[PDB]
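The structure appears right after this line, and notes come after that.
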Amino acid sequence: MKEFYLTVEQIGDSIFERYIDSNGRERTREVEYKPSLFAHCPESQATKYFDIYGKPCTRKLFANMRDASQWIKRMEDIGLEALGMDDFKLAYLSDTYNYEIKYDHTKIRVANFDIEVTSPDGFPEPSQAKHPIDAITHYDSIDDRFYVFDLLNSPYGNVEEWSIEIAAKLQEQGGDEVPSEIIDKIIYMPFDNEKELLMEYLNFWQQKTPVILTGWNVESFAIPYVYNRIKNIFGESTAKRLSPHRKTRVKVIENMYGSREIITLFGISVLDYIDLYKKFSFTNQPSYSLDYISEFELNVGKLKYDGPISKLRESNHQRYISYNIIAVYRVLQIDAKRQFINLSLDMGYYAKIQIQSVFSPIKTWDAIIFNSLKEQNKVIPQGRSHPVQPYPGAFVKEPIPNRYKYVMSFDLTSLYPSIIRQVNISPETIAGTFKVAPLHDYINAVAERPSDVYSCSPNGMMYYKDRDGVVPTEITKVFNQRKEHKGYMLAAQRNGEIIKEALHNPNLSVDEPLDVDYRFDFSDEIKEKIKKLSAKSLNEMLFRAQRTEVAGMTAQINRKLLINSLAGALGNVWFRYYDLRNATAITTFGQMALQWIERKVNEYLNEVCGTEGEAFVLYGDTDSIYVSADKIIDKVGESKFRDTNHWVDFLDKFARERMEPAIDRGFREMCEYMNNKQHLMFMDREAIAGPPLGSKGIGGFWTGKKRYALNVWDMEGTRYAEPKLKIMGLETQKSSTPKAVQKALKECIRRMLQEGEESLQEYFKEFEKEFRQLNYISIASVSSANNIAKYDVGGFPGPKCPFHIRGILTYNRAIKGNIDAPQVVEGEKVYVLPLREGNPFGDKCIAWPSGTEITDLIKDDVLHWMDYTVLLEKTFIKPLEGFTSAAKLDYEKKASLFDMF
DNA sequence: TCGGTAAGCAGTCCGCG
DNA sequence: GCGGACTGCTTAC
Ligand SMILES: [Ca+2]
Ligand SMILES: [Ca+2]
Ligand SMILES: [Ca+2]
Ligand SMILES: [Ca+2]
């Protein structure tokens with residue numbers, strides 16, 4: 001095979017590399033890499049190296065990396081630019097792997113582990129590491145085995161061995177329901193003492209050294225606890241054996257309010273799954289416990305134990321260890337579904353970076369742009385210091401709050417990257433400036449044509465049209481990857497909807513699901529075959545369709561993120577190619593494009609409808625427009641559509657055959673006006689929305705900017721079997737909103753949009769009546785808890801103390817002097833509940849860590865003093881009042897002249 | 001929470017005769 | 001009461 005890297009480090013004057021050699025085997029080598037940097041030189045000189053602007057450079061080959069680093073200092077000490085890749089291991093991979101890397105994942109050791117540590121005096125701090133490690137479970141992806149390290153003798157209790165037989169039995173037999181499909185993959189190793197447990201673990205680790213290391217909170221807990229514990233018992237040299245090069249750095253992570261501590265293991269790439277999740281999932285959750293995320297992702301039951309976790313190993317060692325194993329499996333199931341390790345490997349080997357650098361868009365694009373320039377013998381600039389300046393963003397239209405009944409939305413494809421491509425925006429493509437007119441003069445096509453030579457943005461910047469810049473060239477490659485996986489996703493979704501329709505009439509037989517590729521639209525034959533399946537086979541197909549869709553969503557949405565980060569990074573002072581001229585050229589172009597096409601759509605529709613100056617575009621945000629289509633439905637007449645699906649088909653065909661052409665002509669003209677390099681403003685129909693035909697539903701409504709709901713029948717070509725609510729910005733979309741209230745508000749919206757006023761009023765009444773019976777956790781608010789210290793005055797709230805922090809302070813006083821009860825952690829999330837005064841907590845609210853029950857000695861007093869009335873008015877009624885004044889409806893039935901006789 | 005802007009709403013404080 | 005200035009948070013793009 002072609003060789004590929006696994007991990008790379010700089011250590012002193014050596015690069016340390018682990019790699020897969022051409023025979024498929026893992027190897028390590030130390031290289032005395034001799035780096036190269038570049039200095040500008042006079043035109044009259046014999047060279048083949050040029051900086052990105054075409055000025056010649058001379059290569060300076062150094063005896064070692066430290067020399068190169070000292071040269072860089074000396075060049076600043078003089079006041080001259082030191083060009084070229086100053087991260088010497090990126091330089092090493094570009095030289096060592098001068099081709100597109102094909103990797104074989106089956107040869108990369110992905111390890112995912114978790115540990116257990118028993119602790120009578122509260123949360124066991126990884127830097128203290130003063131309590132025994134009594135369980136480790138370590139899954140190895142090359143062996144496909146779960147290795148279980150179990151301490152039977154501790155100062156906190158001696159125990160019997162874990163039983164693999166009791167572990168397999170149902171929880172109803174008294175077992176632990178460890179899933180059948182991993183039972184035969186468990187290699188169980190019990191130990192007499194913690195010393196030997198750790199020595200075997202490190203001996204194991206050295207035979208199977210992880211390349212990728214993941215888990216849940218491995219970076220903030222498991223890894224530092226193991227390192228420090230081994231350090232405390234055996235000394236530092238022994239702990240360092242967690243690194244294959246025997247070097248580790250105790251690095252400090254800063255933020256705006258504090259400094260946590262993590263351990264860097266050289267020659268290993270830590271991708272802690274909690275962070276992979278936060279970056280790539282595109283969710284915001286009320287809690288990031290494993291229990292909680294597992295339930296959300298896999299619908300598996302939470303792992304139940306009685307007593308506190310500090311007594312678990314003592315009360316029920318059997319379950320202790322079983323739950324440790326399942327925890328490890330649960331991350332593997334989440335990854336099987338979401339596929340974030342795959343994505344990370346893909347992204348890492350494409351950029352040619354340390355795999356763990358996928359969390360850094362700046363680092364990823366620095367390496368992509370560098371290798372692209374290097375292959376043309378071009379030399380990247382030095383990074384410079386910049387003060388952080390604010391700059392302008394997108395345009396968002398102010399909507400008239402209202403119900404809106406028939407809506408078609410349109411949206412530009414991958415806007416910021418298409419603008420970059422269309423305009424040719426890149427550091428070295430900058431041709432000059434022209435004298436700007438006010439933006440509206442460009443929107444309304446009255447301003448002077450900015451150039452007849454260069455390609456322009458309405459911020460004043462001009463750009464070369466002869467050749468593509470490195471930024472458009474590289475952004476296009478990744479755009480086309482994104483576009484490919486987006487097709488697999490939409491096809492999987494469309495096929496999803498075909499399986500749902502068929503579930504309405506499932507055949508009575510026994511059979512199995514077809515072996516098909518859900519990434520492609522089902523053929524006529526598969527559609528006939530599906531019509532003859534059992535409900536059980538159809539449901540398995542659906543699950544599979546829905547797993548395929550998720551897989552594509554992961555791979556498409558995060559390529560979208562990566563290319564959109566490039567546009568963003570042009571406005572980050574730590575990016576090598578930072579330039580507000582370019583950042584603002586992108587955003588200002590986007591503002592113009594939205595309002596330009598809004599004007600053209602309105603002109604078009606006023607011409608098709610015979611009117612003058614009537615607004616059809618009701619809203620827009622950044623790159624999208626929503627268009628009222630009432631006047632369009634009305635011109636054929638509500639009464640001539642056979643059913644809902646007939647007017648949707650009508651609007652669809654109108655959107656595709658009348659409006660899309662008109663939009664393209666409108667954008668074609670704007671490209672010509674700005675004299676751009678390539679027309680790439682492709683605005684397709686996104687959503688077609690309305691109430692069910694012959695219903696009293698209102699279809700949709702806007703309350704303000706970034707706050708609306710629509711009843712959608714079709715979305716980017718996916719025709720729903722049942723209409724789908726597209727709710728943006730409203731409280732049903734916020735993680736802060738109690739789960740029970742999110743659900744109730746949604747149903748109220750469903751009834752507004754599909755069924756109308758009377759139904760809304762039916763539901764509201766019942767919710768109000770019954771809501772005192774809801775679980776307290778389903779009706780708590782949630783919030784991030786920052787700077788708890790800033791507002792802590794002797795245990796009482798200081799000035800401007802936010803509500804949720806008052807709740808945390810109340811909590812702290814209530815659990816005073818309990819080493820055992822849960823503390824709220826700075827930076828993490830809490831549940832919040834109002835208290836009726838005058839209660840025994842002495843304040844109007846209480847908060848506790850999200851994802852948990854509140855400790856038992858206060859749960860009764862909280863449940864008893866909970867202020868359900870305040871709670872219903874803040875979270876449910878107030879938002880609902882918002883929606884209904886917007887939609888022109890009443891949530892309570894108002895008196896009329898029709899009673900009482 | 002280590003790794004772009006625009007803009008909503010909850011809440012504090014405090015004016016508004 | 002509710003608006004404005006402000007902080008905190010969380011969403012849409
Ligand atoms: Ca655990
Ligand atoms: Ca878009
Ligand atoms: Ca059937
Ligand atoms: Ca959009």
Side-chain angles (χ1 to χ4, degrees), chain A residues 219-220 251-260 262 271-272 274-276 278-279 282-286 288 353-354 356-366 388-398 411-412 414-416 560-561 564-575 578 580 582-584 586-588 590-591 594 619-624 703-708 726-737 781-787 790-791 797-807 825-830 832 834 844-845 873-875 878-879 882:
Chain A
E219 193 194 41
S220 52
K251 279 172 216 176
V252 201
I253 301 189
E254 295 177 319
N255 65 59
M256 274 272 263
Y257 312 119
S259 57
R260 72 184 214 80
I262 91 176
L271 299 181
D272 185 355
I274 190 171
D275 294 317
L276 282 178
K278 283 167 183 183
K279 195 188 159 39
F282 284 89
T283 62
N284 199 0
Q285 298 286 5
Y288 293 84
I353 53 175
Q354 295 187 122
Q356 69 273 28
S357 286
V358 296
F359 294 112
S360 172
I362 284 161
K363 174 61 68 165
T364 298
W365 282 112
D366 202 29
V388 174
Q389 302 200 261
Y391 67 101
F395 176 80
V396 171
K397 175 181 172 79
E398 187 75 67
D411 168 79
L412 279 154
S414 181
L415 183 60
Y416 280 13
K560 166 173 161 166
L561 174 75
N564 288 344
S565 303
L566 186 46
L570 291 169
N572 182 295
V573 299
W574 298 104
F575 196 46
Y578 169 79
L580 254 33
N582 288 339
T584 305
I586 289 166
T587 66
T588 314
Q591 295 206 355
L594 178 44
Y619 183 68
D621 183 342
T622 305
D623 69 334
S624 85
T703 83
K705 287 177 188 183
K706 295 180 191 297
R707 281 185 70 94
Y708 59 92
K726 188 193 185 62
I727 305 183
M728 306 306 318
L730 308 182
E731 281 72 5
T732 58
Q733 312 309 112
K734 301 166 99 96
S735 58
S736 44
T737 295
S781 296
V782 179
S783 173
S784 277
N786 299 319
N787 295 263
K790 182 188 274 184
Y791 302 103
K800 316 186 219 168
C801 183
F803 195 83
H804 69 291
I805 300 296
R806 183 185 293 279
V825 187
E826 182 73 326
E828 299 204 356
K829 299 206 189 185
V830 290
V832 182
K844 59 176 179 182
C845 58
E873 285 275 17
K874 284 141 98 93
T875 70
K878 208 187 144 49

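So you know, we letter chains A, B, ... as the sequences are listed, proteins then strands, and number each from 1.
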Pick base, sugar-phosphate or nothing for [X], based on heavy-atom distances below 4.0 Å to the nucleic acid.
X	result
A:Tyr578	nothing
A:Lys251	nothing
A:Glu828	nothing
A:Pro879	nothing
A:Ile262	base

At under 4.0 Å, does any side-chain N or O of [X] touch on OP1 or OP2 of [N]?
X	N	result
A:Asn564	B:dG4	no
A:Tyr708	C:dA12	no
A:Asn572	B:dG4	yes
A:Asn787	C:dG8	no

### Query
Which pair of non-hydrogen atoms, one from A:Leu570 and one from A:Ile586, has the smallest distance, and what is that distance?
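A:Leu570 and A:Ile586 have their closest heavy atoms at CD1-CD1, 3.6 Å.
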### Task
Compare every heavy atom of A:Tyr257 with every heavy atom of A:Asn786, then report the nearest pair and how far apart it is.
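A:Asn786 and A:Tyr257 have their closest heavy atoms at CB-CE1, 4.5 Å.
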### Message
Both A:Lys874 and A:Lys279 contact DNA chain B. Which one's nearest nucleotide lies toward the 5' end?
### Response
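With A:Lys874 and A:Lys279 compared, the 5'-side residue is A:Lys279.
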### Query
Does the base of B:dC2 carry an N or O that pairs as donor and acceptor with the side chain of A:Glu219 under 3.5 Å?
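Such a pair is found, so the answer is yes.
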### Task
Tell whether A:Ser784 reaches the base of B:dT1 with its side chain through a donor-acceptor pair below 3.5 angstrom.
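Checked by distance alone, the answer is yes.
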Looking only at the side chain of [X] (C-beta and beyond, no hydrogens), which of the listed nucleotides [options] gets closest?
X	options	answer
A:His804	B:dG3, C:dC9, B:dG4	C:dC9
A:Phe359	B:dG3, B:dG11, C:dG8	B:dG3
A:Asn284	C:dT11, B:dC2, C:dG8	C:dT11
A:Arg806	B:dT1, B:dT12, B:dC2	B:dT12

Atom [atom1] of [X] to atom [atom2] of [N]: distance rounded to whole Å?
X	N	atom1	atom2	answer
A:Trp574	B:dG3	CH2	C1'	13 Å
A:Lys726	C:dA12	NZ	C1'	10 Å
A:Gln285	C:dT10	CD	P	13 Å
A:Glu254	B:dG3	CD	P	11 Å
A:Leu566	B:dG4	CG	P	13 Å
A:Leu561	B:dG3	CG	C1'	12 Å
A:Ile253	B:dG3	CD1	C1'	9 Å
A:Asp275	B:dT1	CG	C1'	10 Å

Taking the side chain as C-beta and beyond, is there a heavy-atom pair between [X] and [Y] under 4.5 Å?
X	Y	result
A:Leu276	A:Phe359	yes
A:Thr737	A:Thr732	no
A:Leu730	A:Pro879	no
A:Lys844	A:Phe803	yes
A:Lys706	A:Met728	no

Hey, what are the protein-to-nucleotides 6-9 of chain B N/O distances that come in under 3.5 Å?
unit_1, atom_1, unit_2, atom_2, d
B:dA6, OP1, A:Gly393, N, 3.0
B:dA7, OP1, A:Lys705, NZ, 2.8

#### Entry: Qualifying residues under salt bridge (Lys or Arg N to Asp or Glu O under 4.0 Å), relative to A:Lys363, sequence neighbours excluded
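Expected list: A:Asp87.
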### Task
Tell me whether the sugar of B:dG11 sits north or south, going by the sign of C1'-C2'-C3'-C4' (positive is north, negative is south).
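It's south.
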### North (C3'-endo side) or south (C2'-endo side) for C:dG8 via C1'-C2'-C3'-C4'
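South, since the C1'-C2'-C3'-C4' torsion of C:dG8 has a negative sign.
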### Task
Mind checking side chain to side chain donor-acceptor pair (under 3.5 Å) for A:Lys560 and listing every partner two or more places apart, or none if nothing turns up?
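Checked A:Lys560 against side chain to side chain donor-acceptor pair (under 3.5 Å); zero matches.
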### Task
Using heavy atoms to find the nearest nucleotide of DNA chain C for A:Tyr257 and A:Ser735 separately, return the residue whose nucleotide is more 5′.
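On the 5' side of the pair lies A:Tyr257.
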Could you run down the sub-3.5 Å N/O contacts of the protein with nucleotides 1-5 of chain C?
none

### Message
Among residues at least two apart in sequence or on other chains, which ones pass side-chain contact (heavy atoms from CB on, under 4.5 Å) with A:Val825?
### Response
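Here the qualifying residues are A:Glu828.
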### Query
Checking side-chain hydrogen bond (donor to acceptor under 3.5 Å, both in side chains) against A:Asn284, which of A:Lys829, A:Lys278, A:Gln733 comes through?
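Of all the options given, the one that passes is A:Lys829.
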### Message
Quick check against the 3.5 Å criterion: does A:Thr587 have a side-chain atom that pairs as donor or acceptor with the backbone of A:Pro392?
### Response
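The answer is yes, because a donor-acceptor pair under 3.5 Å joins these two groups.
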### Query
Do side-chain atoms of A:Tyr619 reach the backbone of A:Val396 as a donor and acceptor pair under 3.5 angstrom?
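Not a single qualifying donor-acceptor pair exists.
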#### Entry: Five-pair end axes of the helix from B:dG4-C:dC13 to B:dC16-C:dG1, angle between them (10°)
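End axes: 30° apart.
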### Message
I'd like to know if A:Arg260 pairs up with A:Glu219 as an ion pair, taking the criterion as any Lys NZ or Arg NE/NH1/NH2 lying under 4.0 Å from an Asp or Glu carboxylate oxygen.
### Response
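A salt bridge is present here (some side-chain N lies under 4.0 Å from a carboxylate O).
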### Message
Taking the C1' atom in each of B:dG3 and C:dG8, what is the distance between them to the nearest angstrom?
### Response
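It comes out at 23 Å once rounded to the nearest Å.
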